[PDB]
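Chemist: Pasting a structure below so you can have a look.
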Amino acid sequence: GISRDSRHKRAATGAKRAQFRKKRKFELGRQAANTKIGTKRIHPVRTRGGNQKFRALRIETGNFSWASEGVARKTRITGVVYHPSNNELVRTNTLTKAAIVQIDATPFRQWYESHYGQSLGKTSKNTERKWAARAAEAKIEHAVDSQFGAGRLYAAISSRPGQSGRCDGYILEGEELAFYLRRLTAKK
Amino acid sequence: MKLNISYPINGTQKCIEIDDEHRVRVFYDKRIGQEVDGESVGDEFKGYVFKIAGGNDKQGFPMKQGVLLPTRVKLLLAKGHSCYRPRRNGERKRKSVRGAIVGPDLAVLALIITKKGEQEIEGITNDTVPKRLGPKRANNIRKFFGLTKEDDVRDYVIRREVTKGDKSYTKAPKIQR
Amino acid sequence: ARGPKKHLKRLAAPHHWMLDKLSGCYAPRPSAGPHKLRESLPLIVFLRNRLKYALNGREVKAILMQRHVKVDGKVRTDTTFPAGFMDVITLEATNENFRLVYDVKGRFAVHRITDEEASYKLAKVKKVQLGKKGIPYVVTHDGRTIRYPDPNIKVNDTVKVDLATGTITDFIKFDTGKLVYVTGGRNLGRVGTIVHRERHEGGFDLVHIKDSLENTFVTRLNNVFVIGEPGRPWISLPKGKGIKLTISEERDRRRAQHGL
RNA sequence: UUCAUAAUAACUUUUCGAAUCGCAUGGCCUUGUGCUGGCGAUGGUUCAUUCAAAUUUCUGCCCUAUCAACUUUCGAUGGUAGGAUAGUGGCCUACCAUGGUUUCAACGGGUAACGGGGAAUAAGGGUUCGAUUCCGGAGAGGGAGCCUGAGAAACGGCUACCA
RNA sequence: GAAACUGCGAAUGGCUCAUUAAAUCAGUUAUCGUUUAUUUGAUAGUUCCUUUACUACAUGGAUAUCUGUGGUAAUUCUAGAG
Ligand SMILES: [Mg+2]
Ligand SMILES: [Mg+2]
Ligand SMILES: [Mg+2]
Ligand SMILES: [Mg+2]
Ligand SMILES: [Mg+2]
Ligand SMILES: [Mg+2]
Ligand SMILES: [Mg+2]
Ligand SMILES: [Mg+2]
Ligand SMILES: [Mg+2]
Ligand SMILES: [Mg+2]
Ligand SMILES: [Mg+2]
Ligand SMILES: [Mg+2]
Ligand SMILES: [Mg+2]
Ligand SMILES: [Mg+2]
Ligand SMILES: [Mg+2]
Ligand SMILES: [Mg+2]
């Protein structure tokens with residue numbers, strides 16, 4: 002019943018438009034997903050023209066991507082620490098798009114270990142020659158190593174759990190991460 | 001009140017009228033799906049046991065399973081539910097329905113006999129109603145026969161013969177799958 | 002209206018089906034198909050009205066059902082099939098073959114055209130795109146989706162579908178000095194040569210057309226269908242070749258060519 | 001154009017990828033129920049096309065100032081992010097900015113106003129009418145709410161209130 | 001070939017002008033801002049996952065129609081059994 006038509010809004014001038022027609026079905030709006038953490042529970046909704054949509058309330062784990070070396074891994078979302086729209090979602094741990102969450106960060110860790118093996122936080138000849146060809150080029154910046162030692166990664170979600178049903182995003186990295194720490198240090 | 005007893009294995013059933021206030025007393029406060037001994041419902045019902053599966057109120061309203069109420073209530077039924085058949089697709093209808101708890105307001109009690117008793121009923125414990133038609137799907141026929149599947153189930157289909165008065169003619173189902 | 006509309010009142014039918022404003026409340030709404038209903042022509046109109054082979058709806062239904070109509074080499078047993086421009090209608094009875102081309106008055110005229118050329122069809126390229134797995138394809142005006150076309154076939158161009166296999170046989174590249182047909186507006190049925198194609202950055206291309214009689218007009222590019230090279234049309238143009246004689250010239254034609 | 005498309009990494013309470021029907025049942029001989037085999041009918045993912053559907057730009061509306069300021073705490077104008085949407089969009093939320101229209105008549109009031117193609121009238125200019133044979137819109141007693149579907153806020157579909 | 005299940009339409013058509021004064025509508029644009037049954041044209045080997053043990057010569061269970069027992073004063077009311 003939640004309409005999104007422009008009729009109920011006043012005109013640009015400000016006049017109160019009289020009711021022209023009772024609100025249609027191609028103008029409907031549905032309830033907010035306001036997703037949570039834990040015990041995956043996705044509800045399908047049959048929208049216009051079939052095309053199943055998936056409400057992703059109570060989602061615990063999802064895919065997350067690392068842009069620098071560009072590798073994606075399934076990992077667990079562990080709480081939300083910042084939301085650019087409403088901090089009330091942060092206090093209620095409501096997970097929507099562009100929210101900022103923490104990551105278990107292990108899968109990235111042993112992927113790094115089996116990929117470069119730099120022993121963060123502080136063999137076959139083929140692998141050794143691959144590492145030699147790499148030539149310690151894995152000079153990833155210091156702050157991500159800091160939270161790797163902490164163990165929880167700072168990721169920003171990019172998928173829309175309200176529509177898609179998935180929980181995908183990317184790690185804050187580069188100046189991105191910097192900016193948000195400032196905001197987080199404002200919270201701190 | 002009227003009691004509609006049904007034996008499944010014989011496939012038989014009957015209606016029984018009871019007027020005493022005390023045989024039906026045990027039926028009180030018993031919800032659908034429960035089991036009540038036959039000793040307490042009739043001296044001729046020794047050894048018997050009754051599963052209670054639905055009924056009809058004195059106003060004709062049936063009792064829906066899982067209402068857990070001794071009274072009637074208005075419910076919004078749809079496809080999938082009982083006590084309602086939808087005409088249009090997705091046609092929800094708000095209809096009255098009696099609760100699942102048996103009370104004095106009931107007029108018919110639908111009752112399955114589960115355990116064969118001591119004294120036999122007239123045509124229920126004794127007689128057997130034949131199945132009106134056998135299996136149709138090929139593997140269903142094989143299972144109903146235990147036919148060692150690679151045995152050409154083609155011929156083993158049942159064949160019902162009917163006589164027109166002048167011509168005897170056979171009619172047998174088509175086997176699917 | 003809530004949903005699609007499935008009735009076409011008689012006055013609302015195009016003035017090129019050019020039916021009778023009386024003797025009926027409704028008109029045949031063309032079913033969904035290869036052509037726009039405003040631009041198409043239902044088979045019932047083409048048979049009952051244009052050809053008079055039938056008499057009414059039941060007769061057209063009986064004609065179509067017994068599989069004597071063949072639209073572009075396919076049966077098309079539905080009464081309101083939108084047989085559009087340049088489609089080919091084959092009747093094995095009377096062994097006759099028609100190709101729908103507008104007569105210069107701007108109407109779907111009955112064009113009895115030979116069997117040998119009835120094998121193929123012409124089409125205008127309306128889109129050239131790259132479908133899944135990097136496979137190039139071309140969409141014509143019929144909605145035919147020809148896969149793997151010639152690499153230098155571009156939009157607005159024309160192609161010669163063999164109509165049997167349904168693949169590309171030859172094609173004509175759109176450019177100045179080229180025989181052309183018009184398929185919309187006042188210039189329906191007109192045939193000429195492209196003199197200039199003014200670009201008009203931002204939309205709605207225009208082309209100037211000069212016919213054999215040395216008359217000149219201008220028409221939208223969506224409205225244009227290259228038909229061949231001057232003096233060598235790739236199809237059999239209808240009677241009159243779309244010169245658009247003036248009303249006084251038509252009167253002189255009536256007076257001069259006159260035998261009773 | 002971040003388009004079409006392709007590629008890498010991954011993801012999925014893992015969609016589709018024919019366990020479906022009719023007719024004719026030919027050819028090969030590996031001569032068996034063996035191997036293949038035509039014309040269709042229904043389905044079926046995606047991309048097009050068509051019927052469309054939603055929105056959408058500019059300009060155009062009758063009388064009234066004895067309606068001169070109107071709109072914003074309850075969205076009024078804009079920004080950003082999110083939610084919802086099939087999708088853009090204050091469409092809704094959170095936080096900001098204080099904005100938008102107006103003597104070129106805004107806002108309010110009236111319409112025994114549905115808009116239009118058109119009708120009457122006719123030197124020319126016009127005046128009045130247009131509920132109704134076509135195109136649009138809206139409605140099914142007044143109101144709200146919703147299932148099914150591609151498409152309904154349907155009413156010869158349901159739910160509730162009011163009469 | 002009844003009935004019923006399945007599929008599809010029932011959102012077309014027909015009627016009325018009550019509401020509505022930048023609202024509808026008309027002409028003209030846009031969708032590189034979206035959904036689209038149907039019609040038409042194309043469209044897919046991978047469903048194996050360690051392939052040296054599987055139904056692919058065909059996998060499972062219900063379910064209406066029907067057979068019989070009812071209820072209500074009655075309604076396109078339908079509960080129980082096979
Ligand atoms: Mg209508
Ligand atoms: Mg893209
Ligand atoms: Mg936004
Ligand atoms: Mg008017
Ligand atoms: Mg009125
Ligand atoms: Mg009117
Ligand atoms: Mg009136
Ligand atoms: Mg109308
Ligand atoms: Mg309506
Ligand atoms: Mg009335
Ligand atoms: Mg449908
Ligand atoms: Mg309604
Ligand atoms: Mg009515
Ligand atoms: Mg109606
Ligand atoms: Mg109904
Ligand atoms: Mg007003």
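Chains as they are written, first to last, in the entry's author numbering: chain I, 2 to 123, 136 to 201; chain G, 1 to 177; chain E, 2 to 261.
Cβ coordinates follow ideal geometry from the N, Cα and C atoms, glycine included.
On the DSSP bridge assignment, give the partners of residue 225(E) in chain order.
Modeler: 183(E)
Chemist: Which of the three DSSP states, helix, strand or coil, is assigned to residue 108(I)?
Modeler: If DSSP states are grouped into helix, strand and coil, residue 108(I) belongs with the helices.
Chemist: Kindly indicate which three-state DSSP category residue 160(I) falls into: helix, strand or coil?
Modeler: helix
Chemist: Where DSSP assigns a beta bridge to residue 110(G), which residues make up the other side?
Modeler: For residue 110(G), which the question treats as bridged, DSSP gives the partners 4(G).
Chemist: Would the beta-carbon of residue 83(E) fall within 7 Å of that of residue 36(E)?
Modeler: Closer than 7 Å, so yes.
Chemist: Taking residue 55(I) as the reference, which of 197(I), 70(I) and 178(I) has the closest Cα?
Modeler: Selected option, being the one with the closest Cα: 178(I).
Chemist: Report, in whole angstroms, the separation of the C-beta atoms of residue 321(E) and residue 178(E), which I expect to be a contact under 8 Å.
Modeler: Residue 321(E) is absent from the structure shown; chain E starts at 2 and stops at 261.
Chemist: Considering only C-alpha positions, which residue in the set 69(G), 70(G) and 64(G) is nearest to residue 76(G)?
Modeler: 64(G)
Chemist: Per DSSP, what kind of secondary structure is residue 100(E) in: helix, strand or coil?
Modeler: strand
Chemist: Between the C-alpha atoms of residue 107(E) and residue 52(I), what's the straight-line distance to the nearest angstrom?
Modeler: For residue 107(E) and residue 52(I), the distance between alpha carbons rounds to 44 Å.
Chemist: Nearest to residue 17(E) by CA position, among 55(E), 111(E), 234(E) and 147(E), is which residue?
Modeler: 111(E)
Chemist: Can you tell me the Cα-Cα spacing of residue 50(I) and residue 3(I), whole angstroms?
Modeler: 19 Å
Chemist: How long is the line joining the alpha carbons of residue 86(E) and residue 143(E), rounded to whole angstroms?
Modeler: 9 Å
Chemist: State the Cα-Cα distance for the pair residue 50(E) and residue 61(E), rounded to the nearest angstrom.
Modeler: Cα-Cα distance, rounded: 10 Å.
Chemist: Alpha carbon to alpha carbon, what distance is there between residue 97(I) and residue 276(I)?
Modeler: Coverage of chain I is limited to positions 2 through 201, which leaves residue 276(I) absent and any answer about it impossible.
Chemist: For residue 64(I), which residues does DSSP report across the bridge?
Modeler: Per DSSP, 75(I).
Chemist: Using CA coordinates, which residue listed in 145(I), 140(I), 104(I) and 149(I) is at the minimum distance from residue 162(I)?
Modeler: 104(I)
Chemist: Closer than 7 Å by C-beta to residue 5(G): which residues in its own chain qualify, once you throw out the five before and the five after it? Chain order, please.
Modeler: 13, 14, 16, 111, 113 and 124
Chemist: Provide the residue(s) that pair with residue 83(E) in DSSP beta bridges, ordered along the chain.
Modeler: 43(E)
Chemist: Enumerate in chain order the residues of its own chain whose CB-to-CB distance from residue 155(I) is below 7 Å, with the five nearest sequence positions on each side excluded.
Modeler: none
Chemist: Measuring CA to CA, which of 68(G), 87(G), 120(G) and 160(G) is closest to residue 48(G)?
Modeler: 120(G)
Chemist: Look up residue 199(E) in the DSSP assignment and give the residues it is bridged to.
Modeler: 207(E)
Chemist: Beta-carbon separation of residue 150(E) and residue 139(E) under 7 Å?
Modeler: Yes. Within cutoff.
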